[PDB]
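The structure under discussion appears below in the form of structure tokens.
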Amino acid sequence: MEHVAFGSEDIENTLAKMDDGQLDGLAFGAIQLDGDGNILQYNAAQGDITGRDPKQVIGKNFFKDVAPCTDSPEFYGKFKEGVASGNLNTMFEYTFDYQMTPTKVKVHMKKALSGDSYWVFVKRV
Ligand SMILES: *C(=O)/C=C\c1ccc(O)cc1
């Protein structure tokens, strides 16, 4: 259980040191996306919430393949804008409802410290 609070101001610095195994000890859902939306990391808390098997979604496109419910200006559009601008820090509520019971969550999207990588953090509300 890695002690990092959701929405922490310096979360990108703290998560810079975690490998896939340490990511699995977070109290919340954590997805790392590349600039095109491909999933690079996907932790255990996130699979708990979504029912996805983390090893099976690495490599897949989040917006096209795994989470089409996020393919809308309200989620993907903010993502695309941040990638385009090279800056991203936003939090909002969303409902996850593809192939699963509709689940309301808090989403925090933030640019990683490292290269062209972007974090998506999720927790139940
Ligand atoms: C909408 O599609 C939100 C996200 C999401 C992620 C994974 C799975 O399996 C369903 C939905």
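The chains in the structure tokens are called A, B, ... from first to last as shown; in each chain the residues are counted from 1, and the ligands are counted from 1 in the order shown.
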Contacts of stretch 27-38 of chain A within 8 Å, only C-alpha atoms, excl. fewer than 3 positions in-chain, as a ChimeraX atom specification
/A:1-6,23,41-47,49,58-63,83,116-123
Check which residues fall inside 12 Å of ligand 1 when counting only C-alpha atoms and all ligand atoms, and print them as an MDAnalysis selection string.
chainID A and resid 29:31 39 42 46:54 56:58 60:72 74:76 93:107 120:122
Running DSSP on the backbone, which parts of stretch 21-121 of chain A land in helix (DSSP H, G or I), as a PyMOL selection string?
chain A and resi 21-23+44-50+54-57+62-66+68-70+76-85
Taking only C-alpha atoms into account, name the residue in A:109, A:114, A:79, A:124 that is nearest to residue A:14.
A:114
Can you pull out every residue from chain A that DSSP, working from the backbone, puts in strand (DSSP E or B), and format the result as a PyMOL selection string?
chain A and resi 29-34+38-42+61+89-96+103-111+117-124
